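Pasting my_file08.csv here (CSV, C-alpha atoms and all ligand atoms):
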chain,number,residue,atom,x,y,z
A,1,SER,CA,-48.4,35.1,65.1
A,2,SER,CA,-51.2,34.9,62.5
A,3,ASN,CA,-51.2,31.0,62.2
A,4,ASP,CA,-50.9,28.3,64.8
A,5,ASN,CA,-47.4,27.2,65.6
A,6,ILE,CA,-46.1,24.2,67.6
A,7,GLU,CA,-42.4,24.2,68.3
A,8,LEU,CA,-40.6,21.0,67.3
A,9,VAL,CA,-37.7,19.8,69.4
A,10,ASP,CA,-35.0,17.8,67.6
A,11,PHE,CA,-33.9,14.5,69.1
A,12,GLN,CA,-30.3,13.8,68.1
A,13,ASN,CA,-30.9,14.6,64.4
A,14,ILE,CA,-32.7,11.3,64.0
A,15,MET,CA,-36.1,12.2,65.4
A,16,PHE,CA,-38.2,15.2,66.5
A,17,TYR,CA,-41.1,15.6,68.9
A,18,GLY,CA,-44.0,18.0,69.4
A,19,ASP,CA,-46.0,18.7,72.5
A,20,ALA,CA,-49.8,18.9,72.9
A,21,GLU,CA,-52.4,18.9,75.7
A,22,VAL,CA,-55.3,16.7,76.6
A,23,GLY,CA,-58.2,17.5,79.0
A,24,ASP,CA,-59.7,20.9,79.9
A,25,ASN,CA,-56.8,21.3,82.4
A,26,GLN,CA,-54.2,21.0,79.6
A,27,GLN,CA,-52.4,17.8,80.6
A,28,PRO,CA,-49.1,17.9,78.7
A,29,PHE,CA,-47.9,15.1,76.4
A,30,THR,CA,-44.9,14.6,74.1
A,31,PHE,CA,-46.0,13.4,70.7
A,32,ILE,CA,-44.6,12.0,67.5
A,33,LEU,CA,-46.3,14.1,64.9
A,34,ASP,CA,-46.9,11.5,62.2
A,35,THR,CA,-48.1,12.1,58.7
A,36,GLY,CA,-48.0,8.3,58.3
A,37,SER,CA,-50.9,7.4,60.6
A,38,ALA,CA,-54.1,9.1,61.4
A,39,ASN,CA,-54.8,8.3,65.1
A,40,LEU,CA,-54.0,10.1,68.4
A,41,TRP,CA,-53.3,8.1,71.5
A,42,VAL,CA,-51.9,8.8,75.0
A,43,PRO,CA,-50.9,6.4,77.8
A,44,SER,CA,-53.6,6.3,80.6
A,45,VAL,CA,-53.3,6.4,84.4
A,46,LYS,CA,-55.2,3.1,84.2
A,47,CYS,CA,-52.1,1.7,82.3
A,48,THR,CA,-50.9,-1.6,83.7
A,49,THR,CA,-47.6,-1.9,81.8
A,50,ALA,CA,-44.0,-0.9,83.0
A,51,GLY,CA,-43.4,1.5,80.2
A,52,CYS,CA,-46.2,3.9,81.3
A,53,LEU,CA,-44.2,4.4,84.5
A,54,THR,CA,-41.7,6.6,82.7
A,55,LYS,CA,-44.3,8.6,80.7
A,56,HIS,CA,-46.9,11.4,81.1
A,57,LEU,CA,-50.3,9.8,81.8
A,58,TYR,CA,-53.9,10.9,81.0
A,59,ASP,CA,-56.4,11.2,83.9
A,60,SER,CA,-60.0,11.2,82.7
A,61,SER,CA,-61.3,11.9,86.2
A,62,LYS,CA,-59.5,15.3,86.3
A,63,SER,CA,-61.1,16.5,83.1
A,64,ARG,CA,-64.6,18.1,83.1
A,65,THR,CA,-64.8,17.7,79.3
A,66,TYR,CA,-64.1,14.0,79.3
A,67,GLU,CA,-66.7,11.9,77.5
A,68,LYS,CA,-66.7,8.1,78.1
A,69,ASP,CA,-66.5,5.9,75.0
A,70,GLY,CA,-64.9,2.7,76.2
A,71,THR,CA,-64.8,1.1,72.8
A,72,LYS,CA,-61.8,-1.3,72.8
A,73,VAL,CA,-59.2,-0.7,70.1
A,74,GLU,CA,-55.8,-2.2,69.3
A,75,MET,CA,-53.4,-0.1,67.3
A,76,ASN,CA,-50.9,-1.9,65.1
A,77,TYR,CA,-47.8,0.0,63.9
A,78,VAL,CA,-44.9,-1.4,62.0
A,79,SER,CA,-42.6,-0.8,65.0
A,80,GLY,CA,-45.0,-2.3,67.5
A,81,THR,CA,-48.5,-2.3,69.0
A,82,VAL,CA,-50.4,-0.4,71.7
A,83,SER,CA,-53.9,-1.3,73.0
A,84,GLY,CA,-56.6,0.4,75.0
A,85,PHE,CA,-60.1,2.0,74.5
A,86,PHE,CA,-61.6,5.0,72.9
A,87,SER,CA,-62.3,8.2,74.8
A,88,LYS,CA,-63.4,11.7,73.9
A,89,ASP,CA,-62.0,14.9,75.4
A,90,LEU,CA,-60.7,18.4,74.7
A,91,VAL,CA,-57.5,18.2,72.6
A,92,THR,CA,-55.3,21.3,72.7
A,93,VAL,CA,-52.8,21.9,69.9
A,94,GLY,CA,-50.9,25.2,70.2
A,95,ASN,CA,-53.4,27.9,70.7
A,96,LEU,CA,-56.2,25.8,69.1
A,97,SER,CA,-58.4,23.2,70.8
A,98,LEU,CA,-61.4,21.0,70.0
A,99,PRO,CA,-63.4,18.1,71.4
A,100,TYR,CA,-61.7,15.0,69.8
A,101,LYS,CA,-61.8,11.2,69.8
A,102,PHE,CA,-58.6,9.6,70.9
A,103,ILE,CA,-57.2,6.4,72.4
A,104,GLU,CA,-56.6,5.9,76.1
A,105,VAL,CA,-53.9,3.3,76.2
A,106,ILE,CA,-53.6,0.6,78.8
A,107,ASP,CA,-51.1,-1.8,77.3
A,108,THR,CA,-47.8,-0.7,75.8
A,109,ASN,CA,-46.0,-4.1,76.0
A,110,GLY,CA,-46.2,-4.5,72.2
A,111,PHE,CA,-44.5,-1.1,71.8
A,112,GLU,CA,-41.5,-2.1,73.9
A,113,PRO,CA,-38.6,-1.7,74.1
A,114,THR,CA,-38.8,1.2,71.6
A,115,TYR,CA,-41.4,2.9,73.9
A,116,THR,CA,-39.4,3.0,77.1
A,117,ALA,CA,-36.1,3.7,75.2
A,118,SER,CA,-37.6,6.8,73.6
A,119,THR,CA,-38.8,10.0,75.3
A,120,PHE,CA,-42.1,10.5,73.6
A,121,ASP,CA,-45.4,9.8,75.4
A,122,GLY,CA,-47.7,9.2,72.4
A,123,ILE,CA,-48.4,9.5,68.7
A,124,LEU,CA,-50.4,12.2,66.9
A,125,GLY,CA,-51.7,11.3,63.5
A,126,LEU,CA,-51.7,13.7,60.6
A,127,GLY,CA,-53.0,11.5,57.8
A,128,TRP,CA,-56.4,11.3,56.0
A,129,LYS,CA,-59.6,9.9,57.5
A,130,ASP,CA,-59.5,6.5,55.6
A,131,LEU,CA,-56.2,5.9,57.2
A,132,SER,CA,-57.5,6.3,60.8
A,133,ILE,CA,-58.8,3.5,63.0
A,134,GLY,CA,-62.4,4.1,64.1
A,135,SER,CA,-63.0,6.5,61.2
A,136,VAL,CA,-61.8,9.7,62.9
A,137,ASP,CA,-61.9,12.9,61.0
A,138,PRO,CA,-58.3,14.4,60.8
A,139,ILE,CA,-57.7,17.0,63.5
A,140,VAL,CA,-56.9,19.9,61.1
A,141,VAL,CA,-59.9,19.0,59.0
A,142,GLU,CA,-62.2,19.1,62.0
A,143,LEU,CA,-60.5,22.4,63.0
A,144,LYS,CA,-61.4,24.0,59.7
A,145,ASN,CA,-64.9,22.5,60.0
A,146,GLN,CA,-65.3,24.3,63.4
A,147,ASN,CA,-64.0,27.4,61.7
A,148,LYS,CA,-61.0,27.5,64.1
A,149,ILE,CA,-58.7,27.9,61.1
A,150,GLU,CA,-59.1,29.4,57.6
A,151,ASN,CA,-57.4,26.7,55.5
A,152,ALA,CA,-57.3,23.0,56.3
A,153,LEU,CA,-53.6,22.6,55.8
A,154,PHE,CA,-50.5,22.1,57.9
A,155,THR,CA,-46.9,22.7,57.2
A,156,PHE,CA,-43.8,21.0,58.5
A,157,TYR,CA,-40.5,22.9,59.0
A,158,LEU,CA,-38.1,20.4,60.6
A,159,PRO,CA,-35.4,21.5,63.2
A,160,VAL,CA,-31.7,21.0,62.8
A,161,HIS,CA,-29.4,19.8,65.7
A,162,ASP,CA,-27.4,22.6,67.3
A,163,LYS,CA,-28.8,25.1,64.8
A,164,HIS,CA,-32.5,26.0,64.8
A,165,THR,CA,-35.8,24.7,66.2
A,166,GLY,CA,-38.7,23.3,64.2
A,167,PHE,CA,-42.3,24.2,63.7
A,168,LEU,CA,-45.6,22.5,62.8
A,169,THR,CA,-47.9,25.2,61.4
A,170,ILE,CA,-51.7,24.9,61.2
A,171,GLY,CA,-53.9,27.2,59.3
A,172,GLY,CA,-51.5,28.6,56.7
A,173,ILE,CA,-48.1,28.9,55.0
A,174,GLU,CA,-45.4,31.2,56.4
A,175,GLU,CA,-42.9,32.7,54.0
A,176,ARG,CA,-40.1,32.6,56.6
A,177,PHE,CA,-39.9,28.8,56.4
A,178,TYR,CA,-38.7,28.3,52.9
A,179,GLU,CA,-36.7,30.0,50.1
A,180,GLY,CA,-37.1,29.4,46.4
A,181,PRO,CA,-40.2,28.1,44.6
A,182,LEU,CA,-43.0,26.2,46.4
A,183,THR,CA,-44.1,23.4,44.0
A,184,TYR,CA,-47.4,21.5,44.6
A,185,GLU,CA,-48.0,17.8,43.7
A,186,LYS,CA,-51.4,16.3,43.6
A,187,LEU,CA,-52.2,13.2,45.8
A,188,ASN,CA,-52.8,9.9,44.0
A,189,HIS,CA,-55.0,8.8,46.9
A,190,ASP,CA,-56.8,10.4,49.8
A,191,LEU,CA,-55.0,8.0,52.2
A,192,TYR,CA,-51.4,8.6,53.0
A,193,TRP,CA,-49.8,11.9,51.9
A,194,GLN,CA,-48.7,10.1,48.7
A,195,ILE,CA,-47.7,11.8,45.5
A,196,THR,CA,-46.4,10.5,42.1
A,197,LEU,CA,-42.7,11.3,41.3
A,198,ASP,CA,-40.1,9.9,38.9
A,199,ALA,CA,-37.2,8.5,40.8
A,200,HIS,CA,-33.6,8.8,39.5
A,201,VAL,CA,-30.4,7.6,41.1
A,202,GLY,CA,-27.5,7.8,38.8
A,203,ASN,CA,-28.2,5.2,36.1
A,204,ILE,CA,-31.2,3.8,37.9
A,205,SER,CA,-34.6,5.2,36.9
A,206,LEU,CA,-38.0,4.2,38.1
A,207,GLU,CA,-40.8,6.3,36.5
A,208,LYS,CA,-44.2,7.3,38.0
A,209,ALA,CA,-43.1,6.0,41.4
A,210,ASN,CA,-45.3,6.3,44.5
A,211,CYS,CA,-43.8,8.6,47.1
A,212,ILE,CA,-45.2,8.7,50.6
A,213,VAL,CA,-44.3,11.8,52.8
A,214,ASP,CA,-43.9,10.2,56.2
A,215,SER,CA,-42.7,12.2,59.3
A,216,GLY,CA,-43.0,9.1,61.4
A,217,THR,CA,-40.2,7.4,59.6
A,218,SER,CA,-36.6,8.5,60.2
A,219,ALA,CA,-35.3,7.0,57.0
A,220,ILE,CA,-35.7,6.9,53.3
A,221,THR,CA,-37.1,3.6,52.1
A,222,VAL,CA,-36.7,2.5,48.4
A,223,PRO,CA,-37.7,-0.6,46.5
A,224,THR,CA,-35.3,-3.4,47.2
A,225,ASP,CA,-34.2,-4.0,43.6
A,226,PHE,CA,-33.8,-0.3,43.2
A,227,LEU,CA,-31.5,0.0,46.3
A,228,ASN,CA,-29.5,-3.1,45.2
A,229,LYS,CA,-29.1,-1.7,41.7
A,230,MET,CA,-28.1,1.7,43.1
A,231,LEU,CA,-25.6,0.4,45.7
A,232,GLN,CA,-23.3,-1.2,43.1
A,233,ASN,CA,-20.6,-0.3,42.7
A,234,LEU,CA,-20.2,2.2,45.5
A,235,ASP,CA,-17.5,1.4,48.0
A,236,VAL,CA,-20.2,0.7,50.6
A,237,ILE,CA,-20.2,-2.3,53.0
A,238,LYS,CA,-23.0,-4.2,54.5
A,239,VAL,CA,-23.2,-4.7,58.3
A,240,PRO,CA,-22.9,-8.5,58.8
A,241,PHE,CA,-26.5,-9.9,58.4
A,242,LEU,CA,-28.0,-6.7,59.7
A,243,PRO,CA,-30.0,-4.8,57.1
A,244,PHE,CA,-27.9,-1.7,57.2
A,245,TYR,CA,-25.1,-0.4,55.0
A,246,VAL,CA,-22.1,1.7,56.1
A,247,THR,CA,-19.3,3.6,54.3
A,248,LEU,CA,-16.7,6.3,54.6
A,249,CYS,CA,-18.4,9.8,54.9
A,250,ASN,CA,-16.1,11.2,52.2
A,251,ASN,CA,-17.2,8.6,49.7
A,252,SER,CA,-17.5,10.5,46.4
A,253,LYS,CA,-19.3,7.6,44.6
A,254,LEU,CA,-22.4,8.3,46.7
A,255,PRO,CA,-25.3,9.4,44.4
A,256,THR,CA,-28.1,11.9,44.7
A,257,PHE,CA,-31.9,11.1,44.6
A,258,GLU,CA,-33.8,13.0,41.9
A,259,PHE,CA,-37.6,12.9,42.1
A,260,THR,CA,-38.9,14.8,39.1
A,261,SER,CA,-42.4,15.7,37.9
A,262,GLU,CA,-44.1,17.9,35.4
A,263,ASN,CA,-44.5,20.5,38.2
A,264,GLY,CA,-41.0,20.5,39.8
A,265,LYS,CA,-37.7,18.8,40.7
A,266,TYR,CA,-36.6,17.7,44.1
A,267,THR,CA,-33.1,16.2,45.0
A,268,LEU,CA,-31.6,14.5,48.0
A,269,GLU,CA,-27.8,14.7,48.4
A,270,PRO,CA,-25.6,12.2,50.3
A,271,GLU,CA,-25.2,14.6,53.2
A,272,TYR,CA,-28.9,14.2,54.0
A,273,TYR,CA,-29.2,10.4,54.1
A,274,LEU,CA,-25.9,9.8,55.9
A,275,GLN,CA,-25.8,9.4,59.6
A,276,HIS,CA,-22.6,9.6,61.6
A,277,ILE,CA,-21.3,6.7,63.7
A,278,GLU,CA,-17.6,6.3,64.5
A,279,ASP,CA,-15.1,9.2,64.3
A,280,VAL,CA,-12.4,6.7,63.4
A,281,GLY,CA,-10.7,6.9,59.9
A,282,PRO,CA,-12.0,9.9,58.0
A,283,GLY,CA,-15.6,9.8,59.2
A,284,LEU,CA,-17.6,6.6,59.3
A,285,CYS,CA,-21.3,6.8,58.3
A,286,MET,CA,-24.5,4.7,57.9
A,287,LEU,CA,-26.8,5.0,54.9
A,288,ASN,CA,-30.3,6.0,56.2
A,289,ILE,CA,-31.9,4.0,53.4
A,290,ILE,CA,-34.0,0.9,53.8
A,291,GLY,CA,-35.0,-1.6,51.1
A,292,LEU,CA,-38.8,-2.1,51.2
A,293,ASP,CA,-41.1,-3.6,48.7
A,294,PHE,CA,-44.8,-2.9,48.3
A,295,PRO,CA,-47.3,-4.1,45.7
A,296,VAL,CA,-46.9,-0.6,44.2
A,297,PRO,CA,-43.2,0.4,43.9
A,298,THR,CA,-42.9,3.0,46.7
A,299,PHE,CA,-40.4,5.5,48.0
A,300,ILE,CA,-40.9,6.6,51.5
A,301,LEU,CA,-39.7,10.1,52.1
A,302,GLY,CA,-39.1,10.3,55.8
A,303,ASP,CA,-37.2,12.7,58.2
A,304,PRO,CA,-34.2,13.0,55.9
A,305,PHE,CA,-36.3,14.3,53.0
A,306,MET,CA,-38.4,16.7,55.1
A,307,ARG,CA,-35.3,18.1,56.9
A,308,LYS,CA,-34.2,19.4,53.5
A,309,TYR,CA,-37.6,20.3,52.2
A,310,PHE,CA,-40.2,22.5,54.0
A,311,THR,CA,-43.4,20.6,53.4
A,312,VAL,CA,-47.1,21.6,53.1
A,313,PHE,CA,-50.0,19.3,53.5
A,314,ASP,CA,-53.2,20.6,52.0
A,315,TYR,CA,-56.5,18.8,52.8
A,316,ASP,CA,-58.6,21.3,50.9
A,317,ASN,CA,-56.6,21.1,47.7
A,318,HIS,CA,-55.7,17.4,48.2
A,319,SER,CA,-52.0,18.1,47.6
A,320,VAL,CA,-48.5,18.4,48.9
A,321,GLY,CA,-46.4,21.5,48.6
A,322,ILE,CA,-42.6,21.2,48.5
A,323,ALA,CA,-40.1,24.0,49.0
A,324,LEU,CA,-36.5,24.3,49.9
A,325,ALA,CA,-36.4,25.1,53.6
A,326,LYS,CA,-34.7,28.4,54.6
A,327,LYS,CA,-31.2,27.7,55.9
A,328,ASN,CA,-31.4,29.6,59.3
A,329,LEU,CA,-34.4,31.4,60.7
B,1,LIG,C1,-39.1,2.8,67.1
B,1,LIG,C2,-39.2,3.8,65.9
B,1,LIG,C3,-38.0,3.5,65.0
B,1,LIG,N1,-37.5,4.7,64.3
B,1,LIG,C4,-36.5,5.5,65.1
B,1,LIG,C5,-35.4,4.7,65.5
B,1,LIG,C6,-34.8,5.2,66.9
B,1,LIG,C7,-38.0,5.1,63.0
B,1,LIG,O1,-37.6,6.1,62.5
B,1,LIG,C8,-39.0,4.1,62.3
B,1,LIG,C9,-40.4,4.3,62.6
B,1,LIG,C10,-41.3,3.4,61.9
B,1,LIG,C11,-42.9,3.5,62.2
B,1,LIG,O2,-43.4,2.6,62.9
B,1,LIG,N2,-43.6,4.7,61.8
B,1,LIG,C12,-45.1,4.7,62.1
B,1,LIG,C13,-45.3,5.8,63.1
B,1,LIG,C14,-44.4,5.5,64.3
B,1,LIG,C15,-43.2,6.2,64.5
B,1,LIG,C16,-42.3,5.9,65.6
B,1,LIG,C17,-42.7,4.9,66.5
B,1,LIG,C18,-43.9,4.2,66.3
B,1,LIG,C19,-44.7,4.5,65.2
B,1,LIG,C20,-45.9,4.9,60.9
B,1,LIG,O3,-46.2,6.3,60.7
B,1,LIG,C21,-45.2,4.4,59.7
B,1,LIG,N3,-45.6,5.2,58.5
B,1,LIG,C22,-45.9,4.3,57.4
B,1,LIG,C23,-47.2,3.5,57.7
B,1,LIG,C24,-46.1,5.1,56.2
B,1,LIG,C25,-44.7,3.3,57.1
B,1,LIG,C26,-45.0,2.0,56.8
B,1,LIG,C27,-44.0,1.1,56.6
B,1,LIG,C28,-42.7,1.5,56.6
B,1,LIG,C29,-42.4,2.8,56.9
B,1,LIG,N4,-43.4,3.7,57.2
B,1,LIG,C30,-40.9,2.5,61.0
B,1,LIG,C31,-39.5,2.4,60.7
B,1,LIG,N5,-39.1,1.4,59.7
B,1,LIG,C32,-38.2,1.8,58.7
B,1,LIG,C33,-37.8,0.8,57.8
B,1,LIG,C34,-38.4,-0.4,57.8
B,1,LIG,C35,-39.3,-0.8,58.7
B,1,LIG,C36,-39.7,0.2,59.7
B,1,LIG,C37,-38.6,3.2,61.3
What's the C-alpha cells form of this structure?
Amino acid sequence: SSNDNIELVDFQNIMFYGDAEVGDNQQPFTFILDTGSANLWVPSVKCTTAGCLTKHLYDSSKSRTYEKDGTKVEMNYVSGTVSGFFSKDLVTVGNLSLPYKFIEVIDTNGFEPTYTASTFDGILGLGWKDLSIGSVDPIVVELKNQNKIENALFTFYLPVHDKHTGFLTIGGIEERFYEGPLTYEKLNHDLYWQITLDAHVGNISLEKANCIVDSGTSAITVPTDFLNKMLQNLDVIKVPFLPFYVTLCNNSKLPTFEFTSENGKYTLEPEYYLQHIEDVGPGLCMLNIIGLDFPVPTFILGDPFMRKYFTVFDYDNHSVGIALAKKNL
C-alpha cells in the first residue's frame, strides 16, 4: 500500500484498460494507458459524434476546478484521429491527483470504427514531454514535481486472461511483481521509451536495433526485411492479401526473439506472440508480428512483450527496467 496502484483489467488477452477520474467530483473514465503517446484526452459532453453516445463523457460545468483553455487541438494517432480543445482540470489517478492539462474531445469520427467497437473512453499518455502535443509535462513527472511521489517512475505489470489482474504502479517498484534479476537499459532518446538492443531470431541478427516499449500496441512490430527473412522457411501461411500470417499452434519451427545487451538478455517465445483463432485441426494461430519500416531499424515491443516482462519506466534515471514477471500473485 506504499505506492500508487491502478488495477489493470484484461480485454480478451489482446488489450488491457485502466480507469482514472477527471474533475473534482471524480468523473470515471476508461483509459488506454499508453507509453507510446504523451497526451491525455476524454470525450466531452459537448461531443457531436455518434461514438460519444456509448462512452463516459466529461462535464466541465460540474467541476469546480475546471479552468477554461479552449485552444483547438487535433490528435493524430496511427489508428485514427480525435479532435477538440484543451482544458485544465483535476486529474485523479489512483489515490493521487493533480491539476492537469488535457484534451476535451468533440469529434471522434476519425477514430471510428475502432472507437465504438472498443470499450475504452479515452487515452492516457505515459511518454516523455517532447512526445506530447502542446508541450505537456508527463503526469508522473509533474506528480514528483509536486512532491506527491518520491521517484518519478511508473511500472507496468500486465494482467493475464482468466488468471490474474494487472497493475500500473506510480512512485516505486514492488518486489511482488517480478522474479529474477531486474536489468536496466538506458534510453537512446528522451522521446519514446526507446532503448538499444541487439535482435536475434534464429539465423537473422540485427545489431544495435532501436526497441520501443509501447503499451498502446497489441503486437510486436519488426523491420519488414527482418520479418521476411525470419519467416522462411517456417510452415507459416499468409492470409490472402491481408498483412497477417497464420500457422498451426504446434509448429515447432517457430523461433524465439532474443534481444541482448551488455546489461542483460530478454527472450520472447512463440507462446507469447501467437494468438488463437480457430479450434479446428490441432490449434490454428495468428502471428502477432507486424512488418514495419522506419528510418531507423526499429522493433516495437508491445503488449506481448510486456505480458512476459514486468517493466519499469524511470524518468529520473532516463531508463527502462526489465524483469521476468512473477507467474501468479
Ligand atoms: C484500434 C487499435 C488497434 N489495436 C488493437 C486491435 C483490436 C492495436 O493493438 C494497435 C494500436 C495502434 C496505435 O494506434 N497505438 C497508439 C495508441 C493507441 C492505442 C489504441 C488505439 C488508439 C491509439 C500509439 O501509442 C502508437 N504507439 C507508437 C506511436 C509507438 C506506434 C507507432 C507506429 C506503430 C505502432 N506503434 C497501432 C497498431 N498498429 C500495429 C501495426 C501496424 C500499424 C498499427 C495496433
Write out as CSV a residue-level contact list of segment 300-322 of chain A versus segment 264-269 of chain A with cut-off 9 Å: for each qualifying residue the closest pair of atoms and the distance in Å to one decimal, counting all atoms listed in the file, rows sorted by chain and residue number upward.
residue,atom,partner,partner_atom,distance
A:304,CA,A:268,CA,8.5
A:305,CA,A:268,CA,6.9
A:308,CA,A:268,CA,7.8
A:309,CA,A:266,CA,8.6
A:322,CA,A:266,CA,8.2
Hey, what's within 9 Å of residue 112 of chain A if we count all atoms listed in the file and toss same-chain stuff fewer than 6 positions away? As a list in words, please?
-> residues 51, 80 and 81 of chain A
Quick one: contact table of chain A to ligand LIG 1 (chain B), 6 Å max, nearest atom pair and distance in Å to one decimal per residue, counting only C-alpha atoms and all ligand atoms, chain and number order, as a tab-separated table?
residue	atom	partner	partner_atom	distance
A:34	CA	B:LIG1	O3	5.5
A:36	CA	B:LIG1	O3	3.6
A:37	CA	B:LIG1	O3	4.8
A:77	CA	B:LIG1	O2	5.2
A:78	CA	B:LIG1	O2	4.4
A:79	CA	B:LIG1	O2	4.1
A:114	CA	B:LIG1	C1	4.8
A:214	CA	B:LIG1	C24	5.6
A:216	CA	B:LIG1	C15	4.2
A:217	CA	B:LIG1	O1	4.1
A:218	CA	B:LIG1	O1	3.5
A:290	CA	B:LIG1	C33	5.5
Using all atoms listed in the file, which residues sit within 7 Å of residue 275 of chain A once same-chain residues fewer than 6 positions away are excluded, as an MDAnalysis selection string?
-> chainID A and resid 285:288
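Proximity ranking of A:103, A:170, A:45, A:8 relative to residue 57 of chain A places A:45 first, based on only C-alpha atoms.
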To one decimal place, how far is atom CA of residue 317 of chain A from atom CA of residue 91 of chain A in Å?
->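 So the two atoms, atom CA of residue 317 of chain A and atom CA of residue 91 of chain A, lie 25.1 Å apart.
Take the candidates A:210, A:244, A:94, A:274 and check each one against residue 188 of chain A using only C-alpha atoms; the shortest distance goes to A:210.
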Long-range neighbours of residue 141 of chain A as number ranges by chain, 6 Å cut-off, all atoms listed in the file, 3 positions minimum in chain | A: 138, 144, 152
Mind dumping segment 102-116 of chain A from that block, keeping N, CA, C and O atoms, as a JSON list (two decimals), in the first residue's frame?
[["chain", "number", "residue", "atom", "x", "y", "z"],
["A", 102, "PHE", "N", -5.45, 18.70, -20.30],
["A", 102, "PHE", "CA", -5.90, 17.59, -21.14],
["A", 102, "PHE", "C", -6.74, 18.07, -22.31],
["A", 102, "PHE", "O", -6.96, 19.27, -22.50],
["A", 103, "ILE", "N", -7.23, 17.12, -23.09],
["A", 103, "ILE", "CA", -7.99, 17.46, -24.28],
["A", 103, "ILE", "C", -9.45, 17.01, -24.20],
["A", 103, "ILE", "O", -9.76, 15.82, -24.18],
["A", 104, "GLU", "N", -10.35, 17.99, -24.17],
["A", 104, "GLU", "CA", -11.77, 17.76, -24.29],
["A", 104, "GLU", "C", -12.06, 17.48, -25.76],
["A", 104, "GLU", "O", -11.77, 18.31, -26.62],
["A", 105, "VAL", "N", -12.63, 16.32, -26.05],
["A", 105, "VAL", "CA", -12.78, 15.88, -27.43],
["A", 105, "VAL", "C", -14.22, 16.00, -27.91],
["A", 105, "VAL", "O", -15.15, 15.51, -27.27],
["A", 106, "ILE", "N", -14.39, 16.65, -29.06],
["A", 106, "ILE", "CA", -15.70, 16.91, -29.64],
["A", 106, "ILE", "C", -15.97, 15.96, -30.80],
["A", 106, "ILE", "O", -17.09, 15.49, -30.99],
["A", 107, "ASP", "N", -14.93, 15.68, -31.58],
["A", 107, "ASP", "CA", -15.06, 14.86, -32.78],
["A", 107, "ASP", "C", -14.26, 13.56, -32.66],
["A", 107, "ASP", "O", -13.04, 13.58, -32.47],
["A", 108, "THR", "N", -14.95, 12.43, -32.79],
["A", 108, "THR", "CA", -14.30, 11.13, -32.73],
["A", 108, "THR", "C", -14.52, 10.32, -34.00],
["A", 108, "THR", "O", -14.26, 9.12, -34.03],
["A", 109, "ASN", "N", -15.00, 10.99, -35.05],
["A", 109, "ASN", "CA", -15.26, 10.33, -36.34],
["A", 109, "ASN", "C", -14.01, 9.76, -36.99],
["A", 109, "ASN", "O", -14.07, 8.76, -37.70],
["A", 110, "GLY", "N", -12.87, 10.41, -36.75],
["A", 110, "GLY", "CA", -11.61, 9.93, -37.28],
["A", 110, "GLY", "C", -11.10, 8.72, -36.53],
["A", 110, "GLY", "O", -10.16, 8.05, -36.96],
["A", 111, "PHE", "N", -11.73, 8.43, -35.39],
["A", 111, "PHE", "CA", -11.31, 7.34, -34.53],
["A", 111, "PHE", "C", -12.22, 6.12, -34.70],
["A", 111, "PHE", "O", -12.05, 5.11, -34.01],
["A", 112, "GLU", "N", -13.20, 6.24, -35.59],
["A", 112, "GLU", "CA", -14.12, 5.14, -35.88],
["A", 112, "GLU", "C", -13.59, 4.24, -37.01],
["A", 112, "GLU", "O", -12.79, 4.69, -37.83],
["A", 113, "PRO", "N", -14.03, 2.97, -37.04],
["A", 113, "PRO", "CA", -14.97, 2.34, -36.10],
["A", 113, "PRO", "C", -14.31, 1.76, -34.86],
["A", 113, "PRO", "O", -15.00, 1.20, -34.01],
["A", 114, "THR", "N", -12.99, 1.89, -34.76],
["A", 114, "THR", "CA", -12.23, 1.32, -33.65],
["A", 114, "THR", "C", -12.76, 1.83, -32.31],
["A", 114, "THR", "O", -12.83, 1.08, -31.34],
["A", 115, "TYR", "N", -13.15, 3.10, -32.28],
["A", 115, "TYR", "CA", -13.59, 3.75, -31.05],
["A", 115, "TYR", "C", -14.84, 3.10, -30.50],
["A", 115, "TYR", "O", -14.87, 2.66, -29.35],
["A", 116, "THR", "N", -15.88, 3.04, -31.32],
["A", 116, "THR", "CA", -17.16, 2.48, -30.90],
["A", 116, "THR", "C", -17.04, 0.98, -30.61],
["A", 116, "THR", "O", -17.65, 0.47, -29.67]]
